[PDB]
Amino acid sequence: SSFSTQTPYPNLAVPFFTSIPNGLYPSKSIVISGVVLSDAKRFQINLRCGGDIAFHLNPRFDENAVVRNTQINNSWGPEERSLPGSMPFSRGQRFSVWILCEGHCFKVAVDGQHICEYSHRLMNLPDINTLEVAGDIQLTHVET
C-alpha cells in the first residue's frame, strides 16, 4: 500500500539530499523515517564526503540483506552483512533508522532494534557532511 506514484511531502522526494550540520562528530545522531515501497527492490542511505561514501547502508529485499560498505575514490571496499536477527525492513512497512556517530564507529538501529556497528573507515568526520537517501522508499522525516 505504498508506491512511488504517491505524492511526496514537500522537499521529501527521492533521491533526497540534505546537509549534516557541522558534519559528523562523536555523539552526532541522524534519524531517517519513511516507508518501504510495497514492490521495493532496494534502498540506500549514504553519508557522503566529497566524492566518497563514508557509510553506505543498503537494505536489499531481493537478497533479504542489509549491506554496509564504504566507497573511496569510486571503488567499494569489503561488505559487512551480519545481522543479529531477521531482516529488519519489510516491503510496505514503516521504518525509523537511527544512526549514531561515535568516535570510532557508527551504531545503527532500526525501529529501536540495534542492527549493526560499523567501524569508521573514513575518519575525517566533519567532511562527512551530506546525507543521501535513495531507492524504493517514501520518506517522511529526516533529522541530521
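From 1 onward, residues are counted along the sequence shown.
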Look up the CA B-factors in the entry and say which stretch, 112 to 120 or 71 to 79, has the higher mean. 71 to 79
Per the PDB record, is the mean Cα temperature factor higher over 93 to 101 or over 39 to 47? 93 to 101
When the deposited Cα B-factors of this chain's modelled residues are ordered and cut into thirds, is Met87 in the lowest, the middle or the highest one? highest
Can you work out whether the C-alpha temperature factor of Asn22 puts it in the lowest, middle or highest third of the chain? highest
